[PDB]
Ligand SMILES: Cc1ccc(S(=O)(=O)CNC(=O)[C@H](Nc2ccc3c(c2)CNC3)c2cc(Cl)cc3[nH]ncc23)cc1
């Protein structure tokens, strides 16, 4: 099937009509998405099949066809772009300055942008267009808004 | 059964809509991969 680099929608014909369950990044022949989007199940790309290769529920990440390729990281200082791909809507770049998730194991960047659950897996970019993480795993703050972590995997 | 559809190139767009605040939150991450606000 299609192995061209770029952002993709993860769809399902298991519910009413075609439903967008998430988003993913195709890079170096490897599809990268969030674990809660596919639950580790196989994906289809036209005629071809994509089989899971690596996955981890705690990191909430999964890769298809090969090991995790995305290794860029937020510099802690500059603005980033969320290439948001919302259900039924065109891909759209939203520039923002990330905040911080302070944890017992370290600090992680966070993007405070609200989008439908089907936007999970949309990439976060640096000024060079490098994927510094995926949007879609976060929390709801006391005012009801959504703040997502900048979730990045490890490249072996 | 899930399938993928291309939605675009991964490129930085100069003059994109700048929005969103940058909050500093105390969070915890559990074994199920779910975040929670620590208070
Ligand atoms: C009723 C309820 C309770 C809690 C929340 S939350 O604040 O924790 C939002 N959680 C998400 O990050 C979620 N994705 C998700 C789903 C399952 C799992 C994982 C992550 C990782 N482990 C399993 C998501 C992402 C996005 Cl982009 C838009 C969204 N809207 N609602 C959800 C949600 C929201 C709602």
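Using Swiss-Prot numbers, chain A covers 1514-1669, in order.
Determined by X-ray crystallography, 2.1 Å, according to the entry header.
Including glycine, each Cβ sits where the backbone N, Cα and C put it.
Copied over from Swiss-Prot:
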type	residues	note
ACT_SITE	A:1549	active site, charge relay system
ACT_SITE	A:1573	active site, charge relay system
ACT_SITE	A:1633	active site, charge relay system
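Shown here: features listed in Swiss-Prot, placed on the structure.
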| residue | record | Cβ within 10 Å |
| --- | --- | --- |
| A:1549 | active site, charge relay system | 21 |
| A:1573 | active site, charge relay system | 25 |
| A:1633 | active site, charge relay system | 26 |
Between residue A:1549 (active site, charge relay system) and residue A:1573 (active site, charge relay system), the C-alpha gap once rounded to whole angstrom: 7
